[PDB]
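Shown next as structure tokens: one chain only, the form deposited in one PDB entry.
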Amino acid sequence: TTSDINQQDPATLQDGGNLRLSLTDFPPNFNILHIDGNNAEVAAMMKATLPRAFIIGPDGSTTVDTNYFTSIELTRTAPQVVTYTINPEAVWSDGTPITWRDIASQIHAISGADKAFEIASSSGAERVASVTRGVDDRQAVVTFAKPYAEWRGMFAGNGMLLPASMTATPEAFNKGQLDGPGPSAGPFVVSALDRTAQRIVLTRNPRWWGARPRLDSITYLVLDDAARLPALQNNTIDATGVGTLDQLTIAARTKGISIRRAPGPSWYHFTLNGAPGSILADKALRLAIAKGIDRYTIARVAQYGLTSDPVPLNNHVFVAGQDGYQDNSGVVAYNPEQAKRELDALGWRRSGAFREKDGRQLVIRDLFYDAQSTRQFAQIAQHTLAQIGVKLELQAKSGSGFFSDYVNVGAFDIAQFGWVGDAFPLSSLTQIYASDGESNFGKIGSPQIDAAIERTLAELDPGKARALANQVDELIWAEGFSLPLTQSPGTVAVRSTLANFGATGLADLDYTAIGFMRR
């Protein structure tokens, strides 16, 4: 099911309570579509206060949000016109009705046709031709210039709908809510920002037309990672994230809190530098170095006590719980005798310690930042590669300047950082795995890859698009682009009294049903 939240019937819970959570920094900007405003946790907090078009299930499957829209449909699909209609009960915090102009204004704001807006991503608004008015003011028809397979993710997942007054001019976008968000329309409203104590309080929305939430308020405390566990230990907050086996042990042996886990979407990888001139500019060398690295031991050791049966990730597009996931790393299976065979049949002879082509030694440079949390993968890979005759010395960078100084300029041979999976994953691949993508930091690509990437996100069939996405994934596995290592387990330590809240995975919570167990 991939979800573990201690499901209970909402009606059998308390009619009050105060959920208290923690952040890691006070949100600078309160606009989620702004570069300084988008974030994992800021969006997570806003999801309780803003509209969203679709509800994403435990495996990423989407269904229409009835509380905001009565029906969203793909109408005509010759230019792919999409029709949103809003139910005649949704109103903003100020009391003005939600109409089509909100949709039009938001997707013009993020369309990128005006450079004044400092958008964080385009999210497929770049492909929208025009937005007009349907039968009435509660209906918007969105016409696309070219087909977009991933259109349900425009106002879903991490994307919400913002009021037309906060996305209508560049000033309102960039600085409209620098010090507190604008109107909201969801089960809760933010009504206390204590910038000196750094705590945010969300109370019940008085004009919420949907289900009545069981909670009475949600309180966020800006806590450093060192204070997160001691605060949970004595009734100050009642949910953390126990990333390490250390925190897992301390939380597990604490009376009153129960740890619940579900695979998270973020993962790790090694990224190979195929830029012309690095040792790895040849495909066969990359495919032989990667057949001499044990990703399973990396997983099993770096996820020692967090999970049972720790496995690596074997997909560049989807994650373990997501549907359409499959094992595509069959071309780069571990077996190390073939790495030795191929490196011998490729030129690098075994001169005593490490392989040498002609005097030049087979020596690879590994760059990681955040030394403490990711030394684990640098050191295991080096140990298991030394047995083939590959050096792989570790260059732990500070993390202050990591991308800007090394990765974006190509001064690396293998770089390891993280990506984040999403319920709508197709938009990121045309930026990462394209030849001209802005995140293809290692300059490995082929016209075949581009021709397939700009064919998956053009198929308006929900399942056929997944098949094509796996074609693209099999191709990027076949040229040693990267080696996904492990996706983080979603071990969160929550108070055992909580219900309908916990580790969800790629799925989303609903906030009218989380509460405290009676008595």
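Don't overthink the numbering: it's just position in the shown sequence, from 1.
Not on display, but discussed next: the form deposited in another entry.
Within the set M45, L223, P265, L457, the hinge between the two rigid parts that rotate between this form and the one not shown is located at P265. Expansion of the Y325-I72 CA spacing by 3 Å or more is recorded in that other deposited form, set against this form. Whereas the shown form places them at one spacing, the Cα atoms of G37 and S404 lie at least 3 Å closer in that other deposited form.
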